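Each chain carries a letter (A, B, C, D, E, F, G, H, I and J) given by its place in the written order, and its residues are counted from 1.
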Amino acid sequence: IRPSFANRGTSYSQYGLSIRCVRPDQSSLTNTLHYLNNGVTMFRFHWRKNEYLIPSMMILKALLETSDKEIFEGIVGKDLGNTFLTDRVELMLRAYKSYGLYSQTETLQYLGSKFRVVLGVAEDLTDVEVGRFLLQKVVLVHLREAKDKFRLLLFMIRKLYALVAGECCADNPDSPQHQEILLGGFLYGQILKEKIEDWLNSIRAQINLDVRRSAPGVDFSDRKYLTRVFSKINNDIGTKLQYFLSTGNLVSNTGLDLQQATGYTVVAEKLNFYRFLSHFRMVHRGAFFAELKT
Amino acid sequence: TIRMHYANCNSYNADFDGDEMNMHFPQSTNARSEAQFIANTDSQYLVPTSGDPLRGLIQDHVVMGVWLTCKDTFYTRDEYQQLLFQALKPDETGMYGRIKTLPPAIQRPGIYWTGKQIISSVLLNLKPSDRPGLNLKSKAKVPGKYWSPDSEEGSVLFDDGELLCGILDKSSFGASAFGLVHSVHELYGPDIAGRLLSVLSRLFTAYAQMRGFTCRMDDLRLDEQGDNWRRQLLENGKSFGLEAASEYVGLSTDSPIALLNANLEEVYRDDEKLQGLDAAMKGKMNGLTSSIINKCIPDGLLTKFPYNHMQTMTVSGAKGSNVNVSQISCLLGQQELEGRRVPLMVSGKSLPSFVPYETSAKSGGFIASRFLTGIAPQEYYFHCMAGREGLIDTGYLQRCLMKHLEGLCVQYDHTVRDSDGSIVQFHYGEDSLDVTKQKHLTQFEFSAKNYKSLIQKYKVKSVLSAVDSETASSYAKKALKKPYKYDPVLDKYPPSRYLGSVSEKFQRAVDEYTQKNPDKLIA
Amino acid sequence: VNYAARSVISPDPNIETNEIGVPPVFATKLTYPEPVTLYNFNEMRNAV
Amino acid sequence: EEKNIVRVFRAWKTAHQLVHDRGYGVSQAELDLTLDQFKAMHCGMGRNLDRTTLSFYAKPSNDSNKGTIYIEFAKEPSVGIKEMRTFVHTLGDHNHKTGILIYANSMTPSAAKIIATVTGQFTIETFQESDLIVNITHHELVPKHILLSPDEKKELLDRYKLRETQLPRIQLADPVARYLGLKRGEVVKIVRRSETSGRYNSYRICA
Amino acid sequence: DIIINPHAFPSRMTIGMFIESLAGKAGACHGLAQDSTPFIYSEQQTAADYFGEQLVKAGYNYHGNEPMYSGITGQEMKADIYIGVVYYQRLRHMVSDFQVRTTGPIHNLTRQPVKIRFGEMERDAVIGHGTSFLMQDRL
Amino acid sequence: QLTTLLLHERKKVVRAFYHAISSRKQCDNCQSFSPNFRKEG
Amino acid sequence: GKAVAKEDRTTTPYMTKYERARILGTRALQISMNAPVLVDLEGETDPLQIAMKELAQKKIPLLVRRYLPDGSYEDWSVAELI
Amino acid sequence: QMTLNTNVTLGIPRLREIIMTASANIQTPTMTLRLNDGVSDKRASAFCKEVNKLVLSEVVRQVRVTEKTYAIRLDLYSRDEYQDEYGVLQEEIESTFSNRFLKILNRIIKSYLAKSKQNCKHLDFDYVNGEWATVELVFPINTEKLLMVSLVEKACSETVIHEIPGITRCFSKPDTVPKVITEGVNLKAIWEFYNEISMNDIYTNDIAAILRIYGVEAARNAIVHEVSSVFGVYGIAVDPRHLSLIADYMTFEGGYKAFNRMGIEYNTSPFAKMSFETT
Amino acid sequence: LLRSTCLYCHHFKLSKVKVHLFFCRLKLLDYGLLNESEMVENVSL
Amino acid sequence: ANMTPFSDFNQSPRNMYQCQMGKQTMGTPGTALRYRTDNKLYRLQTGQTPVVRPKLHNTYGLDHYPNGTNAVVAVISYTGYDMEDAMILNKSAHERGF
C-alpha cells in the first residue's frame, strides 16, 4: 500500500503486489502487479533501466495454452459466485478480450513483434521464440516450468484481489519480517556476471561492425579472425571490478534491482577492535531512505 | 587551553566537552571602550526575551549552598576567617583595604559563627560606599516541608544585608529572578552583581574543599519498608491491564478468553480503536505509577532529605528532577513512544515473548523494574524502542525577521521608526523597556521595602534639576478621570523629560498597591 | 578577520565571572596598536 | 422559516448605530430598538411586510461639514442599474450629501462604474447586509477608532516632524475603514487597549 | 586516580556505573573477574547486595562508601565518599583539536584573509548590542 | 508650496502598466497590426 | 537643515547608554594621541581610564550632536547631560 | 530552544506559517464561540449538530445492488438511533437524497463511462418508515459492467445534507464556561446564530480572514495573541514588547505581509535587497 | 518592450490616453501624493 | 553492545552512546603494527582487562585487544573544576603512565 502508485498511472490505484524473484545465481529482478481502478491488473516490470507494462491477462494466456474458463475457475474457483471477485474477474477478462487475440501462438507472436527491439535477442532467427524468450527471461525468473509460473501467477492475482477487498492486511516492506540481507560475495558475483555479459555484447557488436563496414575480414571459420577481434576490443574487466571496489559507483547497464547506485563499499578502519567488528556485522537500508525524513 | 568561569556556560550554551570558541580582539580604542562599557559580560545578566536572568551558579555551587546555609552548620573562628578570605580574595580584584566581619552568632561555651553569617558577611564586604543594606523576602527552591513539618527555612528573609532566615539554592542565586543575586543586580548595579556571583562561586568551592559532597550508593536503595510497599502496590496492580482492556472493549473481567480475544482481534486491525485502547490503559497505568511514586520516594527511601546526597541534587535543583529519582528508585512506568504505546506486529503480540492479544500491562510497554534493581529483557526492548525514538527525534527564520528589521531603531523623539524614516510604533511597545530594565516595576513591595538605596541609585538631586516634574504628574490624574478627551500622558507629554508621564496601567497598579496593601507605606 | 584566535575552552572557578584566562601563547600572539604618551612611556619601553 | 425579519432588524443596530461612530446624532431610542419594536414600527398584513419603508437619515452633531447623511435599504436583490441611479437624485434634492445602501445579493459590477462617477462631490457608500449585520466595533479585538480634523492632523504632523506618507496605512477595503466613512487622506487615531502597559493612542491614515 | 563529579549521575541514570564501581572494588580485592552479563541479577536478590556481601567480606563499607580525608585541609570530610575501580577507555576525538591569526596572506581578488569567520550571525549579535563601531571595526 | 509606501505604490503601478502595454495587439493610434516577434531561450 | 535652538530642546537629558560609551571611547583616543588631560592623574597608565576619571568629574569637552529623524540636530554639552 | 511535542499544529511549523509565509489556508483553522445564558446543553448539542456538516454516507448502512434492469438499494439506520447522533429529519433526507444523490450518482457513472469509451428510471424512498432507498436504473446492454458497489460508496460519501461552506467538526470542550470549538472558519455563518455570543469568539489565526472582515487592528491583536500562545505551549516566555513590535511592523502597510519575496521587494535600500536572496 | 512596440505606429499598442494616464500617475507619485495619484481616474469621457 | 557491564541498568540512550563511543576508543588496533601501511593508527601503551566484564569478553577473544585501564574513580565534587561533565586526573597517576 504505497500512495506513489496513485499518481503514477492515474487509472491505477495504491494497492499493488510486489515480488522480487531471483534466479539460481542470485541475480534477482522485480515485477509488480498494479491493480488499476478499472479492474484489470497490470504486470509492471523493469528491463534496461526502463519500466514496462503489459496486461496480466495477456501474459496469463501467453504462458500456457489456456482457455478463459480455466483462468476464471483458477483465480476464483471457490464458493461459486463470490460477488466481488466474480465481477472483477469478469471485467478483467472482457477488458482483455477488447483488443487481443485468442490462442497462445497469436499472443506470443504479437508480444515478440512488440518487444523484439529492447531484448538483446538474435536479430534473424525467429519471432515467436522471442515471445518465449520474454516468458522465460522476465516474467517470473525464479520458476522454471511454464505451467508453474502460470499457477503462481493465478495465486498472486488472487492475493491482489483479496488485498483490494480488505480481506488481507498490507505486508510492511519497512520491517525485518519482509527483509533479507545481501552479502558481499553475491553482489560481487552479480557484478562479475554483468561485466561478462557486457563483454560478450561488446565483442558481438565488434563482430557486427567488422562485418558491416564492407567486408574487411569476414571468416567465421578462421581462428585468426577471432584472435583479431579479441585483440581489438577491451579485454580487461579486472579493472572494472577493481574500480567498483575502489570507489563504489556500481556502473552497470542494468541496476540488478538495486535502488541506489553509490556507496557500496566501506573502508575497514582498524582504528580499534570494536570498530573492525562493527564494520563486519552491520547492515544498511541505503540513503534513498535517508533523504526522506520520516 | 583558555579558561573561563562556569557562569558563562549557561549563556554561551556550551558544555566544555570539545566545542571551541572564536576569541577576537578589538584593535582600535573606540572598539575596546564600547566593548568594555556596552557589551561587557557582567552587563549581560538579563536575556532579552524575558526578564528572567541567565547567568548564575550551577550544580556544585548550589548543592553546597543548600548544605552551607542550612541551620545545623557551625564554624570555629579559623574556618570562618579562612572561608571568608577564600571567598573575597581582594588583592586579585582590588578596591578594598581591610576585610571586616560580624560578631559571632553564639558566644559561649565556645564561639561559633554560623553559615548564614558567612553569607551575610560576604554581602557586608561587597556593600558599596554608602548604600543601605539589602533587605528582601523571597521563596526558596527547597520546599519548606522537606526540612520539617512547619519548618521555618522555606523562604529567605534578610534585612539590612544579613541573612536572617532561609537557605540559598537554585532560586536564590542562579537562573532564577527575584532572588539574592538579581536583587543585588538591581540595587548595587551590574558590576557588583558580577563580583558577588564570583564571590559566591569561590566561597562554595572552598566550602566543598573543606567538606566535600558525593552521590554514593545507599542514596538510592529503598529501605525494606519502602520496597515492600512498592511490592505490595505492584502485587495489587498485577492485573490493571486486563481490567482496563476489558472495560474498554465492553466485556467484564470474568469473560471467556476466546470472546475477548475475538473482540481484541477486531479492535487493532483499525487505528482509532487503538487510540482509545491505549489512552484508557495508559490512564490506568499512570494512575498506578503516580500512586507508588507518591507513596515511596518521599518517605520510603533510605536516607532523608539533608543527608541523602541525591535528594539534595534533585530537590535543590542542581541537576535532575523528581522523575529521575522516581526511575532510579521506584519504577519506570509506561513507555510512551511517539504518543500511544508499543507498536503491535502483524500477529497482535507485542513481542515474540508474549502470547497473541496479550492484555497484561507488562506487554503494553509498562515496565515495573527500576534502574537500581535492573530491567528484564522484554522490558529492556521497549525501553530501547522509546530511547532510540527520542534520538531520532532530537536556520532560515533568522534571515526573514532580520532583513526587514535591520534598522528598526528607537529614534530620539522616542518613536520607533524604520531607518528609511517611516514610523512603526510611537512609544516603542508601550515604552518602558524590553525586559532588561522593566523587571522590578511589578515588585512594588521590594522597591518600597528599602527605598533608601534606590533614591541614591537614581541620583535624585541631579535628575530633579533639569526635567519637568509638576506638569505631567498633574495631568496624569486628569487622565485617570475615566471619561475621554484626555489622552494617555505619554502621547501628550514625552516620557524622557516630563517626570510625571508614565503608562496608564503602571499608575493603576501603583495606586492599587498604595491603597490596597500599604503595610510598608505609613498611612 | 584579522586578530582573532580560536581554541577549545575548559572550565576554571578561580578567575572571575568576567575574566577569561588566556595562556601566555595567546598573550604573545595577539597584539594591538597603542600610541605612546608621557605616562605610559615606561610600560611601552619595558614592553619593547 | 421566517428568520429574514430579524436579519433586517439587526441591519439597523448596525446602521442606526453607524452614526456616532461618526460624529452624527441619533435619538437614543433608535439605538435601543427591541426585537418586536421594529415589528410594531414597520408592520402590515404580513408577517413579511418590512420593505418600501426602510429609509431614514441623520444630521451632524458638529453643526457643519457639508452636509448630512441618509440611509436607505434597497431590498430588491442585485440592485443593478435601474435601482441605483434613480436613488441618487433623491440624495441630490434633499441636499443629502452622502448616502448609504444595502444589497443582498451580488451587486452587479456593471452597475458600479457608471454610478461611482456620478457621485463626484457626493459619495454613495457602500454596505451590504449579511456581511455587516452586527457592529464589529463592539468587540474585544477591535479598538475604538477616532477621526481627526485637519487642525488635529496638522498638530500630529508637527509634533513628529512627519510627512503624510510616513505614518501607518489603512486600506479603504478595511471593514472599519468604510465603517467610519473614511476618505482617502484622513488620519484616524486608534485607542489601543494593549495590556502590557496602559492603553495608548496610535495613528493611521488611508491611501 | 580520577575524580568524577556526582552531579553527572542524576539526569543520566548511569546507575550501572555505581554498580560497576562496586563490582570493581570488590573484584580487585579478592581477585575475581566479576561477572557482569546483562539480565542475571533479578529483583529478589539485587546485584548491589551481592557485591556488597563481597565487599563486607573484604572489609570495606557495604554501600561502597569510604572515609576520606581532604588534602588541602587535612581533617576528614564530614560525609563518606564513593571510591571504586571503573574501566576508563581513553577516547581519541581530540586528534583534531586551535588557530590564532594575527596577520597573514590576503586574497587574490577581494584582499580578504585567506581561508576566522565573523558575520551573517555575528553581525546580528553586534548590531544587537548596539555596537556600530565594533561592527565597523571587526568587519 | 522616498518612503516605502511611495515605492510600494510605484512598483505596483508599473507592474500594472506592463500588464497593460503587453495586452494590446492592435494599435489605437495607427489601428494597424504591427508584426509580432517570437523569441528563444 | 536646521540647528535647533538652545531654548527648546526635546531630546532626553540622560546620557544614554550609548553616548557614554562613545564619549569615553573618543576621549580615550584623543588622550592617546597626546591631547591635554583636564584632570590630575594619580599614576594611571591606560589612555582610557584617564577618560573615566575625566567623566567622573564632568571635566570633558566634546559636545554631542543628536540627529533627530527630521534631519535636525541638537547640540548637547557633555557637562549639560545628566 | 525546543521543537518536540509531548488536532492542531504546534511548534516551528505554526510559527513558520504565521510569521514567514503569512498564508491563508492554515492547516487547522479553528474558531471558538462562547455560549450564552439562554442556552441549555440540549440546545448546545442541537446547535452543534446544526452548524455541523454530515455526509449521506454517515447515515447509510450496507448498500446492496442487484444486477440484471439495474437496481440499487441503500439501507438507512433506524430513525431513532439515526436521530440520536443527528437531528436531520426524514423529509430532509428524502429531498436531498433524491435530488443531489441522483445528480452525483449519474455524474460519476458518466465519468466512468466516458473513461471506458476510449437516465434515472425509477426511485422509491421508504415514504413512511425511512429505512431503505431504492433507485432502479436502466442502461444499454452494450455498456460494460459497472462496479456499482464502489460507485455508490463514492456517491454516498461525496454528497452532503447540510454543509456551511468550509466548516466541519463542531465540538464541545470543558472553567464552567461552555464553549464550542469548531474546525473551519466561516464567520459569515456564525453571525447568524444567536445561541452564542457574537463578540467573544477566539480564532486560531487564519489572520487572512480576521484581517479581511474585522479590520487591520484586529489582525494586529490577533497575531500578537497567536504568537504569544504559540510560545506559551512551551515554557518559554517572550514578553509582549517583542511580539508587539513584530506585529505592528507586519500590519504596517495596512494588510499583513509575509517576510519573504513580497516583503523583501519593498525596501528602499537597494543593497539589502541585492543582498539577502537573489543578487 | 519590443512586444508592446508598434512598428507601423512607432508608439505603444496602447491608447495614448492610457499611456498619458500612467504618465500622470508616475508624475504625481514623484512628490509623494498617494490618494492624489489615485484621484486622477475620477474622470469620465 | 553486549560488552557493557550491567548494560541493563542504564537508561538505554546511555547504552546507545556507549556503543557508538566505544567504537572510537584509542585502543590496541591489533598486534602486528610493524607491518601496517595505514595512514593513522592509534595505540594504547598501558591497557588492561576490565575487572568487571561479561563472560563474552572472554569468549569473543577480546583479551588480545585491550581498550582501557582501571581507574580508581572517586565520585566527589571537591576540586571544583569538574562541572559540565569534565573531570580531573591525579597528576602522579598521570606521570606514572596513565
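By definition in this document, contacts are C-beta pairs under 8 Å (C-beta built on N, C-alpha and C of every residue); 3 or more make two chains touch, one makes a residue touch a chain.
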Can you list every chain in contact with both chain B and chain I? D, F
Among all other chains, pick the one whose mean CA position is farthest from the mean CA position of chain I. J
The distance between the C-alpha centres of chain G and chain H, rounded to whole Å, is 64
Between chain C and chain J, centroid-to-centroid distance (C-alpha), Å: 39
For chain F and chain I, what's the span in angstrom between their mean Cα positions? 9
Using mean C-alpha positions as chain centres, tell me how far chain E is from chain F in Å, no decimals. 70
Expected list for chain C, residues touching two or more other chains, is 1, 3-8, 10-13, 26, 30
Hunt down the residues of chain E that sit against at least two other chains at once, touch-wise. 5-9, 13, 15-16, 18, 38-39, 47, 68, 70, 81-82, 92-93, 98, 116, 118, 130, 133, 138
Where chain G touches two or more other chains simultaneously, the residues are 17-18, 22, 25, 32, 47, 68-69
So which chains actually touch one another? I want all the pairs, not just one. A-B, A-H, A-J, B-C, B-D, B-E, B-F, B-G, B-H, B-J, C-E, C-G, C-J, D-F, D-G, D-H, D-I, E-G, E-J, F-H, F-I
In the complex, go through chain B and note every residue touching chain E. 18, 20, 22, 24, 26-28, 30-31, 34-35, 38-39, 48, 59-60, 63, 209-218, 220-221, 307, 309-310, 313-314, 318-321, 324-325, 327-328, 369, 371-374, 376-377, 380, 398, 402, 406
Counting only contacts in the complex, chain H reaches chain A at residues 115-116, 144-145, 147, 149
Which residues of chain B touch chain J in their complex? 6, 9, 14-17, 58-60, 63-64, 205, 208-209, 212-216, 327, 371-372, 374-376, 380, 383-384, 386-388, 390-391
Chain B touches which residues of chain J in the complex? 6, 8-13, 15-16, 74-80, 83-86
So in the complex, the part of chain H that touches chain D is made up of which residues? 188, 191, 198-200, 210, 212-218, 221-222, 224, 239-241, 244, 248, 251-255
